[PDB]
>>> print(open('my_file-v6.cif').read())   # mmCIF, C-alpha atoms
data_run
loop_
_atom_site.group_PDB
_atom_site.id
_atom_site.type_symbol
_atom_site.label_atom_id
_atom_site.label_comp_id
_atom_site.auth_asym_id
_atom_site.auth_seq_id
_atom_site.Cartn_x
_atom_site.Cartn_y
_atom_site.Cartn_z
ATOM 1 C CA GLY A 736 0.000 0.000 0.000
ATOM 2 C CA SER A 737 1.536 3.252 -1.215
ATOM 3 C CA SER A 738 -1.317 5.766 -1.133
ATOM 4 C CA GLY A 739 -4.960 5.003 -0.410
ATOM 5 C CA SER A 740 -7.559 6.361 2.000
ATOM 6 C CA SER A 741 -9.305 3.982 4.400
ATOM 7 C CA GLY A 742 -12.381 3.972 6.617
ATOM 8 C CA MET A 743 -16.019 4.056 5.534
ATOM 9 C CA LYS A 744 -15.134 3.492 1.878
ATOM 10 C CA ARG A 745 -12.977 0.487 2.765
ATOM 11 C CA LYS A 746 -15.674 -0.978 5.014
ATOM 12 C CA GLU A 747 -18.354 -0.749 2.324
ATOM 13 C CA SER A 748 -15.999 -2.195 -0.291
ATOM 14 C CA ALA A 749 -15.028 -5.105 1.958
ATOM 15 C CA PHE A 750 -18.702 -5.788 2.672
ATOM 16 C CA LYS A 751 -19.582 -6.150 -1.010
ATOM 17 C CA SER A 752 -16.613 -8.443 -1.637
ATOM 18 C CA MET A 753 -17.610 -10.549 1.368
ATOM 19 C CA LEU A 754 -21.091 -11.103 -0.063
ATOM 20 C CA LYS A 755 -19.656 -12.111 -3.438
ATOM 21 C CA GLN A 756 -17.395 -14.669 -1.762
ATOM 22 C CA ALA A 757 -20.411 -15.977 0.148
ATOM 23 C CA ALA A 758 -21.887 -19.458 -0.270
ATOM 24 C CA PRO A 759 -24.276 -20.043 -1.629
ATOM 25 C CA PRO A 760 -24.081 -16.943 -3.865
ATOM 26 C CA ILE A 761 -26.671 -14.286 -3.030
ATOM 27 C CA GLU A 762 -29.634 -15.569 -5.044
ATOM 28 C CA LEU A 763 -32.127 -13.328 -6.841
ATOM 29 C CA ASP A 764 -34.900 -13.951 -4.314
ATOM 30 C CA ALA A 765 -32.635 -13.572 -1.283
ATOM 31 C CA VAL A 766 -33.411 -11.361 1.714
ATOM 32 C CA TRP A 767 -30.943 -9.000 3.387
ATOM 33 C CA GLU A 768 -31.840 -10.301 6.846
ATOM 34 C CA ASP A 769 -31.770 -13.810 5.377
ATOM 35 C CA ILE A 770 -28.153 -13.322 4.309
ATOM 36 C CA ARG A 771 -27.088 -10.885 7.027
ATOM 37 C CA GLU A 772 -27.086 -13.509 9.783
ATOM 38 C CA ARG A 773 -24.684 -15.425 7.542
ATOM 39 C CA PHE A 774 -22.152 -12.589 7.626
ATOM 40 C CA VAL A 775 -23.329 -11.144 10.941
ATOM 41 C CA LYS A 776 -20.652 -13.299 12.568
ATOM 42 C CA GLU A 777 -18.017 -11.944 10.183
ATOM 43 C CA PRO A 778 -15.759 -8.959 10.981
ATOM 44 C CA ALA A 779 -16.501 -7.213 7.684
ATOM 45 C CA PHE A 780 -20.176 -6.995 8.635
ATOM 46 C CA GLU A 781 -19.589 -6.156 12.299
ATOM 47 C CA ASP A 782 -17.553 -3.215 11.002
ATOM 48 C CA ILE A 783 -20.724 -1.589 9.674
ATOM 49 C CA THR A 784 -22.284 0.137 12.683
ATOM 50 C CA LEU A 785 -25.165 1.647 10.711
ATOM 51 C CA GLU A 786 -27.706 -1.056 9.866
ATOM 52 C CA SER A 787 -28.995 1.023 6.952
ATOM 53 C CA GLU A 788 -25.485 1.022 5.490
ATOM 54 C CA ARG A 789 -25.544 -2.771 5.215
ATOM 55 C CA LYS A 790 -29.080 -2.754 3.814
ATOM 56 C CA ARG A 791 -28.322 -0.163 1.135
ATOM 57 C CA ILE A 792 -25.092 -1.913 0.145
ATOM 58 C CA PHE A 793 -26.891 -5.249 -0.160
ATOM 59 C CA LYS A 794 -29.509 -3.770 -2.490
ATOM 60 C CA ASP A 795 -26.809 -2.330 -4.749
ATOM 61 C CA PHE A 796 -25.013 -5.679 -4.887
ATOM 62 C CA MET A 797 -28.240 -7.373 -5.979
ATOM 63 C CA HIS A 798 -28.764 -4.873 -8.799
ATOM 64 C CA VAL A 799 -25.270 -5.502 -10.169
ATOM 65 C CA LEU A 800 -25.759 -9.260 -9.852
ATOM 66 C CA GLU A 801 -28.820 -9.201 -12.108
ATOM 67 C CA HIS A 802 -27.133 -6.888 -14.615
ATOM 68 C CA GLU A 803 -23.912 -8.905 -14.459
ATOM 69 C CA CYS A 804 -25.710 -12.205 -15.044
ATOM 70 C CA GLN A 805 -27.736 -11.164 -18.090
ATOM 71 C CA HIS A 806 -25.892 -9.561 -21.007
ATOM 72 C CA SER A 807 -26.407 -5.795 -20.843
ATOM 73 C CA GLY A 808 -23.098 -4.102 -21.585
ATOM 74 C CA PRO A 809 -20.789 -6.179 -23.811
ATOM 75 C CA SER A 810 -18.551 -3.108 -23.975
ATOM 76 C CA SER A 811 -18.291 -1.900 -20.376
ATOM 77 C CA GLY A 812 -15.493 -3.298 -18.234
#
>>> encode(input="my_file-v6.cif", output="structure tokens")
Amino acid sequence: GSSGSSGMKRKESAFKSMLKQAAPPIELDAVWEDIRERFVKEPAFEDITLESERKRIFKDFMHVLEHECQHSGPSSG
């Protein structure tokens, strides 16, 4: 690590990555509270003090999952 801020941004980023590395993989009809308890014991999740922060992040992850699964942007990264 040469130069890179850390804190809230790092926490949110780590949370998303944690969900992706989850098993099984966050389904399409999955519930935040239904998957939270799965990571509730993890440090990445415990890091998020604000419950809303975890809820909002989860929703965003779901949106990307659906868009990532089905072909939408064959050009984008």
>>> closest_residue(input="my_file-v6.cif", among="A:808, A:739, A:777, A:803", to="residue 757 (chain A)", atoms="only C-alpha atoms")
A:777
>>> atom_distance(input="my_file-v6.cif", atom1="CA of residue 743 (chain A)", atom2="CA of residue 782 (chain A)")
9.2 Å
>>> resolve_selection(input="my_file-v6.cif", expression="the PyMOL selection byres ((chain A and resi 755) around 12)", output="list in words")
residues 748, 749, 750, 751, 752, 753, 754, 756, 757, 758, 759, 760, 761, 762, 770, 774, 793, 796, 797, 799 and 800 of chain A
>>> atom_distance(input="my_file-v6.cif", atom1="CA of residue 769 (chain A)", atom2="CA of residue 807 (chain A)")
27.9 Å
>>> axis_aligned_box(input="my_file-v6.cif", around="region 759-766 of chain A", padding_each_side="8 Å", output="JSON")
{"center_x": -29.5, "center_y": -15.7, "center_z": -2.6, "size_x": 26.8, "size_y": 24.7, "size_z": 24.6}
>>> closest_residue(input="my_file-v6.cif", among="A:745, A:804, A:811, A:767", to="residue 789 (chain A)", atoms="all atoms listed in the file")
A:767
>>> atom_distance(input="my_file-v6.cif", atom1="CA of residue 784 (chain A)", atom2="CA of residue 772 (chain A)")
14.8 Å
>>> closest_residue(input="my_file-v6.cif", among="A:801, A:778, A:787, A:795", to="residue 746 (chain A)", atoms="all atoms listed in the file")
A:778
>>> closest_residue(input="my_file-v6.cif", among="A:802, A:809, A:792, A:736", to="residue 780 (chain A)", atoms="all atoms listed in the file")
A:792
>>> closest_residue(input="my_file-v6.cif", among="A:737, A:744, A:790, A:812", to="residue 771 (chain A)", atoms="all atoms listed in the file")
A:790
>>> closest_residue(input="my_file-v6.cif", among="A:765, A:773, A:747, A:806", to="residue 788 (chain A)", atoms="only C-alpha atoms")
A:747
>>> build_atoms(input="my_file-v6.cif", residues="region 750-782 of chain A", atoms="N, CA and C atoms", output="compact mmCIF listing (two decimals), keeping the file's coordinate frame")
# COMPACT_ATOMS: atom_id res chain seq x y z
N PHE A 750 -17.40 -5.17 2.48
CA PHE A 750 -18.70 -5.79 2.67
C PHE A 750 -19.20 -6.42 1.38
N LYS A 751 -19.14 -5.66 0.29
CA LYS A 751 -19.58 -6.15 -1.01
C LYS A 751 -18.80 -7.39 -1.43
N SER A 752 -17.48 -7.33 -1.27
CA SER A 752 -16.61 -8.44 -1.64
C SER A 752 -16.94 -9.68 -0.80
N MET A 753 -17.27 -9.46 0.46
CA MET A 753 -17.61 -10.55 1.37
C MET A 753 -18.86 -11.28 0.89
N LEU A 754 -19.84 -10.52 0.42
CA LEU A 754 -21.09 -11.10 -0.06
C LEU A 754 -20.85 -11.92 -1.33
N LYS A 755 -19.97 -11.42 -2.19
CA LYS A 755 -19.66 -12.11 -3.44
C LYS A 755 -18.96 -13.44 -3.16
N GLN A 756 -18.12 -13.46 -2.13
CA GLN A 756 -17.40 -14.67 -1.76
C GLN A 756 -18.23 -15.55 -0.83
N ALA A 757 -19.51 -15.22 -0.71
CA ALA A 757 -20.41 -15.98 0.15
C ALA A 757 -20.86 -17.27 -0.53
N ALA A 758 -21.42 -18.18 0.26
CA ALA A 758 -21.89 -19.46 -0.27
C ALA A 758 -23.08 -19.97 0.52
N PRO A 759 -24.19 -20.23 -0.18
CA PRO A 759 -24.28 -20.04 -1.63
C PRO A 759 -24.26 -18.57 -2.02
N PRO A 760 -24.12 -18.31 -3.33
CA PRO A 760 -24.08 -16.94 -3.86
C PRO A 760 -25.44 -16.25 -3.77
N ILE A 761 -25.44 -15.05 -3.18
CA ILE A 761 -26.67 -14.29 -3.03
C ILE A 761 -27.61 -14.51 -4.22
N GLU A 762 -28.66 -15.28 -3.99
CA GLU A 762 -29.63 -15.57 -5.04
C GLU A 762 -30.39 -14.31 -5.44
N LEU A 763 -31.33 -14.45 -6.37
CA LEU A 763 -32.13 -13.33 -6.84
C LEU A 763 -33.28 -13.04 -5.88
N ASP A 764 -33.80 -14.09 -5.26
CA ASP A 764 -34.90 -13.95 -4.31
C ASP A 764 -34.40 -14.07 -2.88
N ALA A 765 -33.22 -13.53 -2.62
CA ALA A 765 -32.64 -13.57 -1.28
C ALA A 765 -33.00 -12.32 -0.48
N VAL A 766 -33.07 -12.48 0.83
CA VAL A 766 -33.41 -11.36 1.71
C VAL A 766 -32.19 -10.89 2.50
N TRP A 767 -32.07 -9.58 2.65
CA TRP A 767 -30.94 -9.00 3.39
C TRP A 767 -30.78 -9.67 4.75
N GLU A 768 -31.86 -9.70 5.52
CA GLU A 768 -31.84 -10.30 6.85
C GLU A 768 -31.61 -11.81 6.75
N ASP A 769 -31.94 -12.38 5.60
CA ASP A 769 -31.77 -13.81 5.38
C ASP A 769 -30.32 -14.14 5.06
N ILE A 770 -29.56 -13.13 4.64
CA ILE A 770 -28.15 -13.32 4.31
C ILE A 770 -27.25 -12.59 5.30
N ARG A 771 -27.84 -11.66 6.04
CA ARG A 771 -27.09 -10.88 7.03
C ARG A 771 -26.57 -11.78 8.15
N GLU A 772 -27.46 -12.60 8.70
CA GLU A 772 -27.09 -13.51 9.78
C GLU A 772 -25.91 -14.39 9.37
N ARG A 773 -25.76 -14.60 8.07
CA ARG A 773 -24.68 -15.42 7.54
C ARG A 773 -23.34 -14.71 7.67
N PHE A 774 -23.37 -13.39 7.53
CA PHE A 774 -22.15 -12.59 7.63
C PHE A 774 -22.13 -11.79 8.93
N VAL A 775 -23.22 -11.86 9.67
CA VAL A 775 -23.33 -11.14 10.94
C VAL A 775 -22.22 -11.56 11.90
N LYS A 776 -21.71 -12.78 11.72
CA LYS A 776 -20.65 -13.30 12.57
C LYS A 776 -19.28 -12.92 12.02
N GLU A 777 -19.26 -12.35 10.82
CA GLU A 777 -18.02 -11.94 10.18
C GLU A 777 -17.61 -10.54 10.63
N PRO A 778 -16.30 -10.26 10.58
CA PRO A 778 -15.76 -8.96 10.98
C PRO A 778 -16.13 -7.85 10.00
N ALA A 779 -16.15 -8.18 8.72
CA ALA A 779 -16.50 -7.21 7.68
C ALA A 779 -17.88 -6.61 7.94
N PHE A 780 -18.82 -7.45 8.36
CA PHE A 780 -20.18 -7.00 8.64
C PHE A 780 -20.24 -6.23 9.95
N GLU A 781 -19.60 -6.78 10.98
CA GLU A 781 -19.59 -6.16 12.30
C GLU A 781 -18.99 -4.75 12.22
N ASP A 782 -18.19 -4.51 11.19
CA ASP A 782 -17.55 -3.22 11.00
C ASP A 782 -18.59 -2.14 10.71
